[PDB]
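Heads up, the thing below is written out as structure tokens.
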Amino acid sequence: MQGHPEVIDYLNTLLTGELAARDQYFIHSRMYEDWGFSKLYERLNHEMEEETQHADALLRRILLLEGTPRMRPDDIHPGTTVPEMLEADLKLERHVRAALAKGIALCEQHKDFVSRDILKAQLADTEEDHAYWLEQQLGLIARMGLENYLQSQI
Amino acid sequence: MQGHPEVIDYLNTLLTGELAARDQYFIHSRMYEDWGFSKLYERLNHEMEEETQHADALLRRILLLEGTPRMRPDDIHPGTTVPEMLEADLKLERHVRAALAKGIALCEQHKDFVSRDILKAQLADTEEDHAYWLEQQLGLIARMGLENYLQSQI
Amino acid sequence: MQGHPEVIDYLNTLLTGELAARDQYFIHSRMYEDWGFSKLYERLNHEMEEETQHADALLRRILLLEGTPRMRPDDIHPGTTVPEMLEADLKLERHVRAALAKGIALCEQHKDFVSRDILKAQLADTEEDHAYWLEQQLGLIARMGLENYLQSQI
Amino acid sequence: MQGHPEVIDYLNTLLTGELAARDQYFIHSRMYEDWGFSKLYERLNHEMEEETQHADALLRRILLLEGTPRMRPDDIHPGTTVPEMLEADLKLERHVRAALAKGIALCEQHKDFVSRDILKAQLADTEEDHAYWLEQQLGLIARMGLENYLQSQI
Amino acid sequence: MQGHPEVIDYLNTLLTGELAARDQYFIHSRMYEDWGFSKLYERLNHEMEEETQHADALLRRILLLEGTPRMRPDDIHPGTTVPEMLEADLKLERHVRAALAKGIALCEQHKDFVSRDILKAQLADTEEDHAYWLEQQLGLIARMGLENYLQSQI
Amino acid sequence: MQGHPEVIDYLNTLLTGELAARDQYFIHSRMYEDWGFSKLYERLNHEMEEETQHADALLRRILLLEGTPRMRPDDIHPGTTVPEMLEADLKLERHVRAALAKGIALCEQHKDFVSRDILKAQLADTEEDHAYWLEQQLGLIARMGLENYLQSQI
Amino acid sequence: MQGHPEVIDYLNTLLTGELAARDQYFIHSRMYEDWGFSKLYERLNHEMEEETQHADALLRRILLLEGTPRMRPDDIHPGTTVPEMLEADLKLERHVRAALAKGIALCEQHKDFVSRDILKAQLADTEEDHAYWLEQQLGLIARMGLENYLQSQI
Ligand code: NA
Ligand code: NA
Ligand code: NA
Ligand code: NA
Ligand code: NA
Ligand code: NA
Ligand code: NA
Ligand code: NA
Ligand code: NA
Ligand code: NA
Ligand code: NA
Ligand code: NA
Ligand code: NA
Ligand code: NA
Ligand code: NA
Ligand code: NA
Ligand code: NA
């Protein structure tokens with residue numbers, strides 16, 4: 001079934017964003033492990049896997065709609081310290097959140113209700129899992145201090 | 001069996017207090033989870049369930065005595081920081097403790113020995129479980145500092 | 001993430017409604033048990049638990065959106081006989097249904113698609129589980145008579 | 001193997017009748033569930049499945065005989081109350097019974113002894129299971145009254 | 001709860017379409033088995049069951065909304081060869097897809113958000129399961145030839 | 001119990017036919033194995049066993065009726081290539097089908113209803129299992145070509 | 001431990017190559033699934049996972065050596081038909097093979113014997129698993145023809 005060209009193009013925009021999110025969590029998780037914060041490694045490794053699944057869902061939807069997936073990831077922007085890495089991931093998730101919400105509205109406009117539902121599922125993950133957890137970590141650093149927070153992530 | 005009107009009225013006073021205690025622990029537990037203190041979430045979630053059971057016991061006793069339960073909870077007074085929330089819960093439990101003790105004396109006066117026993121069981125829970133745990137948390141904050149205490153509740 | 005103030009306010013309106021629904025099912029279920037209708041006790045006890053979960057989902061969403069939950073339940077309006085209690089619960093569920101549908105439209109307007117999805121899930125429960133079951137009970141009373149219906153609920 | 005054209009045509013007549021019987025039990029069973037008579041839902045849901053199997057056996061026999069199955073169901077005639085629905089199903093089963101008996105005689109005449117045996121199996125189901133159960137329900141309504149009967153089917 | 005008449009009418013249009021889809025897959029699956037293509041029999045038999053479930057969901061929703069289900073299936077249009085049968089099923093699924101998308105928009109317009117969600121679930125099945133699989137089979141025939149494809153379906 | 005001489009004689013005619021069918025499937029199945037078509041070996045080996053059981057049922061019925069079984073098999077007519085062997089078996093099964101149908105009519109005429117039932121069971125096997133499968137194989141060869149069909153039977 | 005800058009730079013070159021290989025197998029595997037070649041999907045999905053592990057090993061080695069990983073994948077070059085996709089993957093693996101062999105020699109020169117061993121393990125995978133399998137598939141197409149080969153990959 002040929003999808004609407006505007007929807008396919010927009011799904012491709014989201015795909016390159018999620019390929020990038022995957023890769024930013026790839027490098028951050030391994031940096032956290034390099035420093036000995038295995039709890040941070042585990043969480044972000046899980047997030048890398050979740051973004052790979054999100055990318056996969058978009059890629060397969062684009063194919064179903066007879067489009068050609070764009071596989072070049074967006075640029076990533078890793079941090080150099082734990083607070084910078086948390087903030088960088090939160091900025092990325094906030095961007096993905098806004099992009100997904102714009103996509104949902106576009107899908108509704110072009111009456112692509114299945115694509116809308118795929119994006120809604122990803123939007124729920126972004127808001128309620130990914131971004132929320134990051135906000136929590138930054139809030140913990142604010143409440144107990146960075147040194148105590150880092151200790152908790154060994 | 002028709003209970004004594006003064007006893008039924010007093011049980012209703014306790015019921016609206018325990019419905020409120022339930023709801024204060026509902027909001028506090030979820031606030032603790034929002035901030036990432038899952039140990040505090042778990043404890044206060046348990047306390048919400050225990051207050052629901054306490055309320056249930058009163059409600060069912062009032063019905064047995066042919067009274068009409070009052071289901072409007074008392075006002076609650078949540079805190080805005082972990083120390084404020086602990087103190088607010090401790091103030092509430094201290095109020096419930098005093099109210100329950102007054103109720104036990106009233107039940108004895110009107111020779112409602114089963115109602116007295118229900119209240120005694122709740123009084124033991126209030127003193128030895130709920131209020132004691134809160135006093136302990138505040139004491140821990142005093143002994144190790146707030147930042148270390150918060151770290152321990154992740 | 002700061003949610004839209006109109007959405008947060010509306011979620012709070014729904015929250016106080018579901019806290020009330022919880023408490024109306026609390027008193028009705030225990031009244032049904034007081035009279036010996038254990039099948040009615042079991043169903044409405046289950047419904048109390050489901051409304052607590054619905055309230056919980058709203059409360060947690062409001063927190064995520066950086067709002068402050070309103071924990072005062074709406075007034076409840078219990079019945080005094082089995083037919084009155086069924087009708088009172090059905091009136092409440094019909095009100096909740098309309099409120100949820102209005103909320104879904106508001107969330108769509110403000111592009112809060114995750115809040116919309118939470119409300120849609122609750123709307124499906126309200127229509128297809130809660131209200132439908134109540135309509136069925138009233139229909140059974142109409143078809144077999146109240147005395148036979150009550151017998152069936154022992 | 002090419003079957004006798006008169007036999008194939010007659011099997012097709014039976015097929016469209018059993019496709020209809022399937023669909024009448026589909027709507028009646030779901031109507032019974034809509035009203036809260038889950039015992040009636042379960043029985044007629046089972047009967048829908050049995051008529052689908054009966055239709056399947058005819059369809060496959062028609063194909064084996066190199067015929068072309070007729071897939072348009074006969075018109076159905078659902079009732080609007082429990083007694084009307086029972087009577088409507090009994091009228092349908094009585095029609096199917098007569099049609100099957102006529103088919104058995106035709107198959108014997110054209111020496112299609114396997115088709116005869118398929119129809120005999122369906123005839124036994126119609127008489128001893130489907131129609132008999134319906135006759136029993138109507139007899140129960142006659143003996144205990146409709147209200148008691150409906151109570152028994154919750 | 002009385003549903004909107006335009007929504008109920010439209011659900012009935014979808015119901016008669018899915019009853020037809022059920023029956024087209026009924027005849028095609030058994031034709032595939034008649035020829036010895038058991039893999040095609042199994043898939044389309046599964047699809048018949050899925051369309052029966054889709055029809056069931058619509059029928060039950062129409063009843064809940066106090067409507068009267070229309071049980072006459074639309075006409076079906078079976079093929080006479082494997083490529084014709086695949087194409088006929090794909091044409092049917094493309095029609096169902098468009099009808100479901102129009103229904104979702106109508107439900108949104110009349111603020112029947114639960115009916116919309118039921119249709120969205122069916123739309124996802126139609127696009128991502130039913131039609132996609134058919135497109136794949138036709139593509140396989142194009143890539144390996146019909147004779148090799150048929151061999152693979154024994 | 002002495003059976004009717006015409007029935008016993010006719011059962012003996014069927015017996016020598018089924019002893020022959022057994023032996024034709026014996027040689028064909030082993031020829032298929034000799035060439036490396038193990039799927040054809042397995043099917044026809046199964047068919048040899050089924051014809052032995054059919055012969056056994058006739059033999060035992062003839063004895064019960066105080067007749068003397070005729071144990072000389074009819075001549076067999078094996079093919080020399082896979083298509084010839086399939087056709088030869090189909091010709092044999094078509095002959096057995098006609099003979100069994102004539103026998104059923106004779107048994108009915110002489111009121112030997114148990115012998116009729118034994119023959120009906122064998123007739124169903126012949127039509128719905130043996131001959132049908134052969135027709136399917138020849139149809140597969142027609143649809144995918146002989147070389148692909150042979151490949152599928154390795 | 002600070003690694004040799006020439007070795008770290010070269011590991012980064014290999015990393016961006018393996019991130020690209022991962023993504024080329026991501027798109028090819030999902031294209032194969034889109035067309036219904038599930039055996040090809042499974043193999044290339046496995047290869048995507050293996051390249052992710054290869055990339056991970058390089059990334060972690062670069063971190064250990066106090067380098068900064070380069071996370072931008074090389075450009076990929078997907079095919080548009082099964083033979084083109086196989087050839088494109090084989091060209092990529094041949095490039096990776098040569099790059100890894102050059103890296104091993106460089107590591108030996110700079111006496112980084114652990115980095116050499118990591119690359120040797122990847123070189124064995126590339127030659128004996130990835131490239132070999134691709135060569136085999138192309139050889140199969142040459143020996144049995146493309147249509148038969150595609151049939152085998154359903
Ligand atoms: Na994502
Ligand atoms: Na994310
Ligand atoms: Na510490
Ligand atoms: Na208490
Ligand atoms: Na307490
Ligand atoms: Na609710
Ligand atoms: Na409800
Ligand atoms: Na009764
Ligand atoms: Na039937
Ligand atoms: Na029947
Ligand atoms: Na459907
Ligand atoms: Na479908
Ligand atoms: Na036989
Ligand atoms: Na035979
Ligand atoms: Na082949
Ligand atoms: Na590699
Ligand atoms: Na490789």
Side-chain angles (χ1 to χ4, degrees), chain A residues 18-56 73 76-93 96 125-126 128-154, chain B residues 36-39 151-154, chain G residues 1-3 8 11-12 14-16 18-19 22-23 48-73 114-115 118 121-122:
Chain A
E18 295 171 359
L19 293 172
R22 163 200 64 168
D23 289 342
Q24 190 163 301
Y25 286 139
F26 198 175
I27 181 57
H28 283 168
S29 61
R30 274 61 176 168
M31 288 173 65
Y32 287 140
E33 183 57 24
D34 172 58
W35 292 333
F37 299 119
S38 290
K39 294 198 31 150
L40 288 171
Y41 165 82
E42 294 290 340
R43 174 81 191 200
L44 279 308
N45 181 62
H46 173 78
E47 298 309 320
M48 180 178 72
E49 298 171 342
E50 293 258 17
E51 297 294 347
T52 305
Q53 297 171 4
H54 285 174
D56 196 11
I76 62 162
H77 304 94
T80 74
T81 65
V82 174
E84 288 175 6
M85 292 156 78
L86 294 166
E87 298 275 13
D89 287 339
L90 182 54
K91 184 178 180 176
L92 188 42
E93 291 291 341
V96 168
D125 294 340
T126 297
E128 308 211 305
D129 288 338
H130 296 213
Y132 201 21
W133 179 88
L134 291 161
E135 286 180 352
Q136 292 182 333
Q137 305 325 110
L138 289 161
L140 288 172
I141 287 166
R143 290 178 166 82
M144 71 188 56
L146 180 61
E147 293 83 3
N148 264 1
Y149 174 76
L150 292 180
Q151 187 193 354
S152 77
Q153 297 306 305
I154 290 173
Chain B
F37 299 119
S38 290
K39 294 198 31 150
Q151 187 193 354
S152 77
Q153 297 306 305
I154 290 173
Chain G
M1 177 183 64
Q2 281 179 193
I8 293 166
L11 295 176
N12 264 327
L14 294 169
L15 173 57
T16 62
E18 295 171 359
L19 293 172
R22 163 200 64 168
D23 289 342
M48 180 178 72
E49 298 171 342
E50 293 258 17
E51 297 294 347
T52 305
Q53 297 171 4
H54 285 174
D56 196 11
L58 299 175
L59 190 169
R60 293 192 202 219
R61 181 66 177 166
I62 289 155
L63 288 172
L64 177 159
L65 295 177
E66 306 190 19
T68 300
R70 296 208 300 263
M71 299 300 297
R72 188 185 79 172
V114 178
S115 298
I118 293 167
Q122 297 194 0

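Chain letters run A, B, ... following the sequence lines, proteins first, then strands; residues in each count from 1.
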Quick check: closest heavy atoms across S29(A) and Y41(A), and the distance to 0.1 Å? O-CD1, 3.3 Å

Counting distance only, does the side-chain N/O of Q24(A) pair as donor-acceptor with the main-chain N or O of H77(A) below 3.5 Å? yes

Tell me the closest heavy-atom pair linking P69(G) and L63(G), and the distance in Å. CD-CD2, 3.6 Å

Is any side-chain heavy atom of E50(A) closer than 4.5 Å to a side-chain heavy atom of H130(A)? yes

Given side-chain contact (heavy atoms from CB on, under 4.5 Å), test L44(A) with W133(A) step by step and report yes or no. CA-CA 11 Å; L44(A) 279 308; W133(A) 179 88; 3.9 Å; yes

Stepwise, does the side-chain contact (heavy atoms from CB on, under 4.5 Å) test hold for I118(G) with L11(G)? CA-CA 10 Å; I118(G) 293 167; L11(G) 295 176; over 6 Å; no

Which atom names give the shortest non-hydrogen contact between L19(A) and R22(A), and what distance separates them? O-NE, 3.2 Å

Any heavy-atom pair between the side chains of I141(A) and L86(A) that's under 4.5 Å? yes

Short N-O contact, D89(A) and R43(A), less than 4.0 angstrom: no

What is the distance from atom CG of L58(G) to atom CD of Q122(G), rounded to the nearest 0.5 Å? 4.5 Å

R60(G) with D56(G): basic N within carboxylate O range, under 4.0 Å: yes

Test item: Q137(A) and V82(A) side chains (from C-beta on) under 4.5 Å apart, heavy atoms: no

The reported gap from CD in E51(A) to CD in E47(A) (rounded to nearest 0.5 angstrom) is 7.0 Å

For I62(G) and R70(G): C-alpha separation, side-chain torsions, deciding distance, then whether side-chain contact (heavy atoms from CB on, under 4.5 Å) applies. CA-CA 9 Å; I62(G) 289 155; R70(G) 296 208 300 263; over 6 Å; no

Any chance you could measure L15(G), atom CG, to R72(G), atom CZ, to the nearest 0.5 Å? 12.0 Å

If I take atom CG from residue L40(A) and atom CG from residue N45(A), how far apart are they, to the nearest 0.5 angstrom? 12.0 Å

Would you call the rings of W35(A) and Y32(A) parallel, tilted or perpendicular, where under 30° means parallel and over 60° means perpendicular? perpendicular

Rounded to the nearest 0.5 angstrom, the CZ-CD distance for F37(B) and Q151(B) is 10.5 Å

Using side-chain heavy atoms (C-beta onward) and a distance below 4.5 Å, is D23(G) in contact with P73(A)? yes

Measuring from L90(A):CG to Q136(A):CD, what's the distance to the nearest 0.5 Å? 11.5 Å

Stepwise, does the side-chain contact (heavy atoms from CB on, under 4.5 Å) test hold for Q153(B) with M144(A)? CA-CA 11 Å; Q153(B) 297 306 305; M144(A) 71 188 56; over 6 Å; no

Please check if the side chain of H28(A) supplies one atom and the backbone of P78(A) the other of a donor-acceptor pair under 3.5 Å. no

State, yes or no, whether a side-chain contact exists between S115(G) and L65(G) at a heavy-atom distance under 4.5 Å. yes

Under 3.5 Å, side chain of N12(G) to main-chain N/O of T68(G), donor-acceptor pair present? yes

